[PDB]
Amino acid sequence: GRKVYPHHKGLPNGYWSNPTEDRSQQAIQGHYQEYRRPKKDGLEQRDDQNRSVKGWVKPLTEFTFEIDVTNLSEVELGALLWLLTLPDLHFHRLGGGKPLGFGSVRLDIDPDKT
RNA sequence: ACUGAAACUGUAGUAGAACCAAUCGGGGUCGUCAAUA
């Protein structure tokens, strides 16, 4: 069926912090720096199997967007609004790098603009 | 067993009215490959 990338629950404090540091080889709070290509012989493994990113959108940053909907039934609308009103600690997965933990996002409705 | 002459195929008339270059699509992501000893 439909392939999904489960949210990386329980990533410790500072997991994404200072990401240039090759912490991939130590179990800091029980997790390896799984999103970063490990260094080999002390040099960066910028091979043509991996990409590199000059930056990323920080965690806890916030985006607002709008959905304009037409002729949704109550089931079709209720399915949509369920996704946009999931209980706490349900997170959507967005963009790239999802296998590595990137792109976990919380969606919630702004009711005053709906 | 005396050539008729003279006479604009012209005048009026918008190739135009209606018609969305548009519909769908996360710049994304894991284990394969080779066959013998």
# chains A, B, ... in the order shown; residues from 1 in each chain; ligands from 1
call {"tool": "interface_residues", "arguments": {"of": "chain A", "to": "chain B", "cutoff": "10 Å", "atoms": "only C-alpha atoms (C1' of nucleotides)", "output": "PyMOL selection string"}}
result
chain A and resi 93-99
call {"tool": "select_by_dssp", "arguments": {"residues": "chain A", "states": "alpha helix (DSSP H)", "output": "list in words"}}
result
residues 74, 75, 76, 77, 78, 79, 80, 81, 82 and 83 of chain A
call {"tool": "write_last_selection", "arguments": {"atoms": "N, CA and C atoms", "output": "mmCIF file, in the first residue's frame"}}
result
data_model
loop_
_atom_site.group_PDB
_atom_site.id
_atom_site.type_symbol
_atom_site.label_atom_id
_atom_site.label_comp_id
_atom_site.auth_asym_id
_atom_site.auth_seq_id
_atom_site.Cartn_x
_atom_site.Cartn_y
_atom_site.Cartn_z
ATOM 1 N N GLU A 74 -19.793 16.468 3.338
ATOM 2 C CA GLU A 74 -19.406 16.420 4.743
ATOM 3 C C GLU A 74 -18.401 15.318 5.038
ATOM 4 N N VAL A 75 -18.438 14.218 4.291
ATOM 5 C CA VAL A 75 -17.396 13.207 4.414
ATOM 6 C C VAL A 75 -16.081 13.722 3.842
ATOM 7 N N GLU A 76 -16.115 14.246 2.618
ATOM 8 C CA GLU A 76 -14.906 14.761 1.988
ATOM 9 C C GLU A 76 -14.317 15.921 2.773
ATOM 10 N N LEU A 77 -15.171 16.788 3.307
ATOM 11 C CA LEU A 77 -14.699 17.863 4.167
ATOM 12 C C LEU A 77 -14.252 17.345 5.523
ATOM 13 N N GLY A 78 -15.017 16.443 6.122
ATOM 14 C CA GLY A 78 -14.617 15.884 7.398
ATOM 15 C C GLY A 78 -13.323 15.106 7.355
ATOM 16 N N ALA A 79 -13.032 14.454 6.233
ATOM 17 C CA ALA A 79 -11.725 13.831 6.058
ATOM 18 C C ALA A 79 -10.614 14.862 6.062
ATOM 19 N N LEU A 80 -10.805 15.957 5.328
ATOM 20 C CA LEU A 80 -9.813 17.022 5.288
ATOM 21 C C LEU A 80 -9.618 17.650 6.656
ATOM 22 N N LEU A 81 -10.708 18.030 7.314
ATOM 23 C CA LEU A 81 -10.599 18.682 8.609
ATOM 24 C C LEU A 81 -10.066 17.763 9.690
ATOM 25 N N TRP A 82 -10.226 16.451 9.540
ATOM 26 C CA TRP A 82 -9.597 15.529 10.475
ATOM 27 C C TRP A 82 -8.082 15.618 10.390
ATOM 28 N N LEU A 83 -7.544 15.644 9.174
ATOM 29 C CA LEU A 83 -6.110 15.819 8.987
ATOM 30 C C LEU A 83 -5.613 17.136 9.565
#
call {"tool": "residues_around", "arguments": {"residues": "residue 54 of chain A", "least_positions_apart": "3", "cutoff": "12 Å", "atoms": "only C-alpha atoms (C1' of nucleotides)", "output": "NGL selection string"}}
result
:A and (19-20 or 51 or 57)
call {"tool": "select_by_dssp", "arguments": {"residues": "segment 2-109 of chain A", "states": "strand (DSSP E)", "output": "number ranges by chain"}}
result
A: 92-93, 104-105
